[PDB]
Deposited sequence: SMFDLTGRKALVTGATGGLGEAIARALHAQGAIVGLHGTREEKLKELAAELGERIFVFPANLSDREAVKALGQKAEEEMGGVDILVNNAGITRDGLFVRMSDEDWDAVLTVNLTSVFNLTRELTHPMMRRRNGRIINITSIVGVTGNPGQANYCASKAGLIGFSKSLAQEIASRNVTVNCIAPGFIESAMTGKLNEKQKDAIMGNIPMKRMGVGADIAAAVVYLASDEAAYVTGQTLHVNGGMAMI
């Protein structure tokens, strides 16, 4: 049946977060074997035990290049081949540019971009070897439009898209796809503040985690074998590309 993912192996980073949890759940529901990454192991084994079978758990700190490298090799080995890498984990250090410290720029780049670079590198050669794979990168509406307060975040998320494009071209012949999803504003750790944003969402409501989760399922499906290099916007029409 359509969009089936039975037997497919997925690794989802930031899998205890709002979106990562939701994505993990959806992959599982479609029959995937799901590896869940997180910073805290306790929160992870908790999502595990709740989903039942076909779950692996991989704690690691994404700041830490060497743990990211290990995260890759672990997943690939325990899972017996990762078919689906979802790069969802990502941090913020918001503030005005003219007050923005090196440490706030660095941390965001090294997490949102370079840990994506190293994890993806651990898993792409294997995927290519197998002639099958999906690399799905959670960017943000903000990487396309820009946003005040987030010079670092927007850079990291626009860059994520252009990394995605370059890789996609390079590995398309080997039946491995790479695509981005761009969430608008989604219910999470987050009234005037809120009203200003809602006035630009034509659909006049916030997003939910299922909205991103289902876009992941779509892109990871066989049926999406011919989509690579693209950015799928999920945002109630907040920005229309």
Stretches of deposited sequence not represented by any CA atom are 191-195
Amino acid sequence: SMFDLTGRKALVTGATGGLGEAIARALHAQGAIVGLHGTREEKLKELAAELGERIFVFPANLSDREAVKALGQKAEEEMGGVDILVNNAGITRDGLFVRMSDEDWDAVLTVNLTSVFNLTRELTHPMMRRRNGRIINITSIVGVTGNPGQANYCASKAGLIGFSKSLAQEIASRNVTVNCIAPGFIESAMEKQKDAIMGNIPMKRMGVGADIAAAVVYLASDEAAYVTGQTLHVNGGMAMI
From here on, numbers count along this sequence of modelled residues.
Once average C-alpha B-factors are taken from the entry for 175-183 and 62-70, the winner is 62-70
Of 37-45 and 205-213, the stretch with the higher mean C-alpha B-factor in the deposited entry is 37-45
Of the three thirds of the chain ranked by Cα temperature factor, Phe163 occupies the lowest
So, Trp105's CA B-factor, relative to its chain, sits in which third? The middle
Among the modelled residues of its chain, the C-alpha B-factor of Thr6 falls in the third labelled middle
On the chain's distribution of Cα B-factors, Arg121 falls within the third called middle
Of the three thirds of Cα B-factor ranks in this chain, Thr228 occupies the lowest
